[PDB]
Amino acid sequence: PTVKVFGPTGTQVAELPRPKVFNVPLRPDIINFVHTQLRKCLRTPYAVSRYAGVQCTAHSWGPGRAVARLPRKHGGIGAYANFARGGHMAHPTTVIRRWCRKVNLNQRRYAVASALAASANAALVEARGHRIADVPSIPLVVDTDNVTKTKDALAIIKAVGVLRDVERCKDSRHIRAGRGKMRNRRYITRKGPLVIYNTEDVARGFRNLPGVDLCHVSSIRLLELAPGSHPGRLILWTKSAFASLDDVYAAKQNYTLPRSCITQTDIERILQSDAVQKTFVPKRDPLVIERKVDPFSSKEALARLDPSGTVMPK
Amino acid sequence: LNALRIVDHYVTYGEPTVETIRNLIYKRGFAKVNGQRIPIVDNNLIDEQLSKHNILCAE
Amino acid sequence: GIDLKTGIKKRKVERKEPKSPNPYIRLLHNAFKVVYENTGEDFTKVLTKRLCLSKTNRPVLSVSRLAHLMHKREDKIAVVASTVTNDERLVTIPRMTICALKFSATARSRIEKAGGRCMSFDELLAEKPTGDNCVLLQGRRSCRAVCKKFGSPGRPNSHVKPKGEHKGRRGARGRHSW
Amino acid sequence: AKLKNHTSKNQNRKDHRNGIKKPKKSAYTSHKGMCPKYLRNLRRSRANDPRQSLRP
Amino acid sequence: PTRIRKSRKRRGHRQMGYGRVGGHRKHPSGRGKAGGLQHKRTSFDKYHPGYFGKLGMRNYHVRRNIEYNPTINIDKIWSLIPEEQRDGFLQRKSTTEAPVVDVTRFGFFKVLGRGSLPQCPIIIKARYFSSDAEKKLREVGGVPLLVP
Amino acid sequence: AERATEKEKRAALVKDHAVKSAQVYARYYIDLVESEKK
RNA sequence: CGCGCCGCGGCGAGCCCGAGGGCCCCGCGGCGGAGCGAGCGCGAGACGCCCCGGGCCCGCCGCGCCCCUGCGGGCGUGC
Ligand SMILES: [K+]
Ligand SMILES: [K+]
Ligand SMILES: [K+]
Ligand SMILES: [K+]
Ligand SMILES: [K+]
Ligand SMILES: [K+]
Ligand SMILES: [K+]
Ligand SMILES: [K+]
Ligand SMILES: [K+]
Ligand SMILES: [K+]
Ligand SMILES: [K+]
Ligand SMILES: [K+]
Ligand SMILES: [K+]
Ligand SMILES: [Mg+2]
Ligand SMILES: [Mg+2]
Ligand SMILES: [Mg+2]
Ligand SMILES: [Mg+2]
Ligand SMILES: [Mg+2]
Ligand SMILES: [Mg+2]
Ligand SMILES: [Mg+2]
Ligand SMILES: [Mg+2]
Ligand SMILES: [Mg+2]
C-alpha cells in the first residue's frame, strides 16, 4: 500500500510506499520498559550535607541522673540522634546512588520501532488523546519544503486538520498543583503534534506553537514518541522525512527489524473457521441438581422414588 | 470387627431394621458424585451411577 | 468441629497460565486452551501446558538434534515450544518441516535452503490444531550449569563440585583426607 | 544455672508429619558392593550378544 | 522500587520478622568468614571441601601469554570455510585442488579430535595435533601440516 | 435430539422396574419373619 | 558493592550503551565455547521426547601384548 502526500494547502499531490518499520509488532510492555530506564538517565543527583547534625559536641550522660541515655550537649540538650531535634538522619542520602540504568541496543531499537508503528493507527492515536476527527490520513505526510513565519506554519496545520489539537494544547496552560511551582516547574500544557523533518527549514516557524515538538529524522527520540509512556503520538511528516525512513534503517549496521506477527483479530478469525470447527465434539449432558426435601411430606414427592406405593406416605 | 473394638469408647453400634435403613436413605440420603455431595431425590441418579451393579431404584 | 487432617495431604500449586507480558504468548495459550475444551485431545493438553513454562523449563533445540530424532519418520511435523538454533558442526542438513516458537536467523536460512518449512504456532493452529501427524519434542531440561552444583560437595556420596575456588587439600584428596 | 538434658517427647510426631519416606526405587539394584568378578562377567556376556550388544 | 518491597508490609508488627525470643542483634556469629574450623565446621565440611591447607607448586610470576593455548575440534573446521564455497568443495572431492585451512589465522594452535568430518579431502595447517585428530583426518584423505 | 429420546425411553424402563422390584421385595420381607417362626 | 537462587525482556554458538570518538551513530577486552592433571602435559561420540539408571569415551594411578621416528607410537585390561 501507499501513503498519501498533501500540499501545504490540503489537496492530494503524490503517493509514497509504506516504509517497512510500520510492520513491527505492537509491544506496550517493551515500550514501557525502555521508557522507564531512559527517563531515569536524565536525573540530577541530590543529597544532604555530610556534616549535617555532627558539627556539635555531645556525649551521653549515662545512667544515674534520671534521664534517657542519648548524647547531650553541654547543658543537657538532646543531640546527635535521628529522634532529636537537630540531629543527623538515620541513614543520610548519598550521591553514590545508581542514578542511570542500562538498556541493550537491540531493545532500544525495538522500542522506537514499536512506538513508530503505533503512530500509524487512527484508533490508537485517538485513544492516546489527540483530536484527529478532521484529518485526511493518520500516516500524515505533507509537502511544506520551507517555513519561516509562524503565521504561515499555522496556516498549514489548519489547511490539513490538526488545528483543533494545537488549540487543545493552547487553552490548557495552568499553574500546577503542588510544591513543584516553587521549583521552576510552574506551568503545564498538554502535548500536541510532532513534526519530523529531514532537509527543510521548518523549526523557526513551528517551534513557538503551544504543544509542538521538532525531530530531525536521523535521530528520533522515544521520550517524544511516547509521552507519559503511552505510545500513539500524532506525527506530521515532511515529505523528505517520510521518504528517508528506509534509508535510515539501512544505515544501522547488521540490524534487521523484528518479525511481524498476528493479532487477536487474526486469532479470533481462525477458531471460527471450518478447519478448526470440524474437530469439535460436544460434552456429555451435565448432572442435574435439586435441593433436599422430605419425600414423606406428600404423595407426589414420595412417588418420585417409589411409584408403586408399598411404602407408607406417612 | 477387630478394628471397631479398638475405638469402642468413641462409637455406638448395632443391627438396623429395614425400616431404619429406609428412613435414613429417604430422609438423610445424599450421594457422592465426582467428590460432590448431591441430594438423592429420585431414581434417575441411582440408575445413572450404579446400573453397572444392577441397582436401579431406591428400593 | 470436623477432622480433615488424617489421611489428607496439602494441596498443590502449578502454573495454570503463562506469566509472560508478551501479547503473542497470551494469545496463543488462550487459543489452544479453547481447542482442548472442545476436543478433549491429550495432544492439545500437553501443548497447552508447555506454553505456561518458565524458560528454564523450555531449553532450546538444535537442527542436528532434530535431524537425528526425525530420522526414518521424515514426513512428520516436529513441534517445539521453544527456540530452534543452528548447529554449524553439521555440514549438511536434511529436508524437514519444523514448527517452533522462534527460529534463529541463521537456522531459518539453512532450513529453507534444504527445502524445509518453518511454521509458526498460529500456522499450526489453523491447519493442524489437534496434532495429526505431529510429534511433540523438547530439549534436555538438565543441561544448565546451575543444576550441576545442586547438593552437598563434601559428603561421601555426592559427585558434585563446589562453587568458589578452593586452593587447599583438606577433604579434597578423597576419603581419609580430612 | 542448669537446663534440661534430653527428651524425645515430640520427636515421633515430627517424624510422622511428612509421612515416613521410602528409599529410591533404583537403590535396590545398585551395583555398589557386588563381586567384581561377577560384574566383569556380566559386562562381557552382553557385549557379545547381538540382541543386547551396543557396539557401533 | 521501595513501594513493592517485603519490608514495608511489616509496618505495625513490632519486630520486622526477626522474632521475639531471639531478636535482631549486631553480629551473633562474628564478622565475615571467621570460625570455619571451630563453630562453623559443620558448614565448611558440608559445602567447601579443600578450603584449608596447601596444594602443589607455586610460581612467583606467571606469564599469561605463554600459557595461553587455544584449541579447535575437527567438527568445527568446515564452519571456518564461508558458506558460499562449501558446496563446491564437497561437490568435487579433489586431490589436486583440495581446500587449505590455516587455523592460526583464525586464532587456534592445537587441533583436537572430537566429532567427524565429511567425505572430502582437505588440508589443515596448525602448530600441534592430537593423535586421533590426525587419525580421523588421514581417514578422509586429508593431510596435517605444521606452520610458522 | 437423540439425547432427549434415550433419556425419555430410559426413565420409562427404569420406572416399570421400580414397581416390579417394590412388590417382590415387600414379599421377601414378610416371608423372612415368617420362615424363622416356622 | 560482592555472592547464591528464582522470574520476566532481547538475541543465540554466540553475546556485549568499556573507555573513547562523531534518548541517535561507531566502539577492545571479557565471559561462553573442553575437560582433567601437583606438574612434564595429554585431550572427549555410542546409544536417549524429557527425567532416572545402565553402557561406553577423555584425564590422573597402575599394569598384558606388538612396533616405526623409541623411557616415543599402537592395541588392550582394572578400582
Ligand atoms: K562533633
Ligand atoms: K535511655
Ligand atoms: K534506658
Ligand atoms: K544488543
Ligand atoms: K531508544
Ligand atoms: K560450595
Ligand atoms: K524473617
Ligand atoms: K532462636
Ligand atoms: K557479637
Ligand atoms: K563479631
Ligand atoms: K575460617
Ligand atoms: K608443602
Ligand atoms: K598427577
Ligand atoms: Mg544522655
Ligand atoms: Mg537537622
Ligand atoms: Mg497539599
Ligand atoms: Mg517424614
Ligand atoms: Mg504475626
Ligand atoms: Mg508498639
Ligand atoms: Mg537469633
Ligand atoms: Mg535463647
Ligand atoms: Mg527484642
Side-chain angles (χ1 to χ4, degrees), chain A residues 27 29-30 32-35 37-39 41-42 96 98 100-112 215-225 248 251-253 258, chain C residues 18-22 25 46 54-57 59-62 65-66 68-69 78-80 83-89 102-107 135-143 145-146 149-150 163-164 169 173, chain D residues 24-27 29-31 36 40 42-43 46-47 52-56, chain E residues 54-59 69-73 75-76 79 110-116 128 130-133 135:
Chain A
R27 301 288 302 281
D29 58 309
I30 292 186
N32 189 258
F33 169 77
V34 174
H35 184 267
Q37 320 302 314
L38 289 190
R39 204 170 76 83
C41 301
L42 313 180
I96 71 171
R98 195 169 63 111
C100 291
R101 293 297 191 263
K102 287 165 278 166
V103 187
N104 281 351
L105 176 67
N106 258 330
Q107 278 156 290
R108 260 140 63 209
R109 284 163 174 176
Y110 208 132
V112 175
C215 244
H216 187 255
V217 68
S218 63
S219 48
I220 293 179
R221 302 197 289 287
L222 185 79
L223 267 40
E224 285 300 343
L225 292 173
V248 160
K252 300 171 195 253
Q253 301 173 6
Chain C
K19 63 136 48 68
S20 155
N22 194 338
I25 297 305
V46 180
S54 96
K55 173 167 89 185
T56 61
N57 299 315
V60 293
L61 269 186
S62 207
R65 192 81 229 265
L66 288 176
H68 170 267
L69 293 174
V79 193
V80 191
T83 294
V84 171
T85 39
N86 180 23
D87 190 9
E88 78 275 12
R89 301 167 303 177
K102 203 193 71 172
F103 295 85
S104 297
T106 49
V135 296
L136 249 181
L137 291 170
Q138 61 182 345
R140 270 92 181 255
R141 285 198 199 195
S142 60
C143 76
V146 158
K149 302 305 178 63
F150 292 152
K163 277 183 181 175
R169 63 182 299 111
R173 311 296 283 169
Chain D
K24 269 173 199 81
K25 298 300 283 200
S26 54
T29 50
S30 167
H31 278 332
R40 290 162 201 167
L42 183 51
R43 306 189 306 255
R46 292 175 155 171
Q52 303 191 243
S53 160
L54 244 77
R55 309 164 171 183
Chain E
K54 276 183 199 180
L55 176 75
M57 296 182 277
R58 308 198 167 196
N59 180 2
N69 202 39
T71 340
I72 182 158
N73 293 283
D75 60 12
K76 283 274 301 307
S79 61
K110 182 176 185 174
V111 174
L112 310 179
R114 118 143 84 75
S116 48
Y128 209 88
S130 75
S131 177
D132 272 320
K135 176 176 174 203

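Note on naming: letters A, B, ... go to the chains in the order of the sequence lines (proteins, then strands), and numbering restarts at 1 for each one. FYI, side chains are in, hydrogens and waters are out, and symmetry mates aren't considered; it's all heavy atoms of this structure.
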Is the distance from OP1 or OP2 of [N] to the nearest side-chain N or O of [X] less than 4.0 Å?
X	N	result
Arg65(C)	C50(G)	yes
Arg109(A)	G10(G)	no
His68(C)	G48(G)	yes
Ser142(C)	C51(G)	yes
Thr56(C)	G7(G)	yes
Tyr128(E)	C42(G)	yes
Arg141(C)	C50(G)	no
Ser20(C)	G9(G)	yes
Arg108(A)	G10(G)	no
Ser130(E)	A44(G)	yes

Using the test salt bridge (charged side-chain N to carboxylate O under 4.0 Å, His left out), find all partners of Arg89(C) that sit at least two apart in sequence or belong to another chain.
-> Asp87(C)
With sequence neighbours excluded, what pairs up with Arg65(C) under the salt bridge (charged side-chain N to carboxylate O under 4.0 Å, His left out) test?
-> none
Check whether the six-membered base rings of [N] and [M] have centres under 5.5 Å apart and planes under 30 degrees, and report yes or no.
N	M	answer
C50(G)	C51(G)	yes
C26(G)	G27(G)	yes
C17(G)	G18(G)	no
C71(G)	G72(G)	no

Does atom NZ of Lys149(C) have more than 12 heavy-atom neighbours, drawn from other residues, nucleotides or ligands, at distances under 6.0 Å?
-> yes
Verify the neighbour count for atom CD1 of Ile96(A): are there more than 12 heavy atoms of other residues, nucleotides or ligands below 6.0 Å?
-> no
Where does [N] land, syn or anti, given syn is within 90° of 0?
N	answer
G29(G)	syn
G64(G)	syn
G72(G)	anti

Determine the Euclidean distance between corresponding P atoms of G55(G) and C60(G); express it in Å to zero decimal places.
-> 23 Å
When we call it a touch if two heavy atoms are under 4.0 Å apart, what does [X] touch: a base, just sugar-phosphate, or nothing?
X	value
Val146(C)	sugar-phosphate
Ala47(D)	nothing
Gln138(C)	base
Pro56(D)	base

Under 3.5 Å donor-acceptor pair, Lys110(E) side-chain atoms to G41(G) base atoms = no
Establish whether the base of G12(G) is bridged to the side chain of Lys102(C) by a donor-acceptor pair shorter than 3.5 Å.
-> yes
Does the ring of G45(G) sit north or south, if a positive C1'-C2'-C3'-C4' angle means north and a negative one means south?
-> south
North or south: which describes the sugar of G14(G), going by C1'-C2'-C3'-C4'?
-> north
Can you tell me if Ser30(D) uses its side chain to pair, donor with acceptor, with the backbone of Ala27(D) under 3.5 Å?
-> no
Taking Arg101(A) for the side chain and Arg98(A) for the main chain, is one N or O donor matched with an acceptor at less than 3.5 Å?
-> yes
Extract the stems that RNA chain G is part of, considering only consecutive pairing runs of at least three Watson-Crick or G-U wobble pairs, both distances under 3.5 Å.
-> G:20-22 with G:24-26, G:65-67 with G:72-74
Partner of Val79(C) under side chain to side chain contact (heavy atoms under 4.5 Å, CB included), picked from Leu136(C), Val46(C), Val135(C), is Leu136(C)
